[PDB]
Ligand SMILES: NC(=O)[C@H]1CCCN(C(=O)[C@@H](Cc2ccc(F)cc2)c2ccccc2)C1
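This document opens with one chain alone, in structure tokens, the form deposited without this ligand.
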């Protein structure tokens, strides 16, 4: 589990969004596994605006942060998981590491702040939903 908290925004995996996230929806995209909902309190987090290919993610299934290299966000075939069928996901970054379904929502960070959230796993990769393209997360 987990989310990004930037301004009056809460960024979560679409597949883990609550009734309340949907009830206060801002934006959502199933191709990205992303949902954004409005928040009453303001958030501690800063979004990266950059093309860094190195950073650190939280792995909740190892209670550990791991430094990774990762591909630029792209349109990737992900095999079938407990929360999705085998499908094309867009704006996805892949690194070599550990990701179980429960690890979705853990942060990936670089020197510029939050890059994305764990969204895929299996066959020794960890996939992350890029949010660096979402410039509207920074104001309003």
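Shifts are known only where both forms have a C-alpha. Residue numbers count along the first chain shown, from 1. Rigid core: the largest C-alpha set superposing within 1.5 Å between the two forms.
Student: On average, which has the higher Cα B-factor in the deposited entry, 34 to 42 or 55 to 63?
Tutor: Looking at the record's C-alpha B-factors, the answer is 34 to 42.
Student: Mean C-alpha B factor from the entry: is it higher for 80 to 88 or for 93 to 101?
Tutor: So the stretch with the higher mean C-alpha B-factor is 80 to 88.
Student: If you compare 118, 23, 12, 125, which has the highest Cα B-factor in the entry?
Tutor: In the PDB entry, the greatest C-alpha B-factor among 118, 23, 12, 125 is found at 23.
Student: Relative to the other modelled residues of the same chain, rank the CA B-factor of residue 75 and answer lowest, middle or highest third.
Tutor: For residue 75, whose C-alpha B-factor we compare with every modelled residue in the chain, the answer is the highest third.
Heads up, the form deposited with this ligand bound isn't pictured, but that's what we're talking about next.
Student: Classify as open or blocked. Procedure: superimpose site C-alphas, place this ligand with its pose in the deposited bound form, test each ligand atom against backbone and C-beta atoms at 2.4 Å; 3 or more hits mean blocked.
Tutor: Result: blocked.
Student: Is there a heavy atom of residue 87 lying 4.5 Å or less from a heavy atom of this ligand in the deposited bound form?
Tutor: Residue 87: yes, in contact with this ligand in the deposited bound form.
Student: Using a 4.5 Å heavy atom cut-off, state whether residue 101 contacts this ligand in the deposited bound form.
Tutor: So residue 101 counts as contacting this ligand.
Student: Quick check on the comparison between this form and the one not shown: with the core aligned, only one of 75, 96, 80, 41 should show a Cα shift of at least 2 Å. Which one is it?
Tutor: Going through each option, the one that shifts is 80.
Student: Which segments, of 3 or more consecutive residues, undergo C-alpha shifts of no less than 2 angstroms between this form and the one not shown following superposition on the core?
Tutor: Shifted segment: 79 to 87, the only one.
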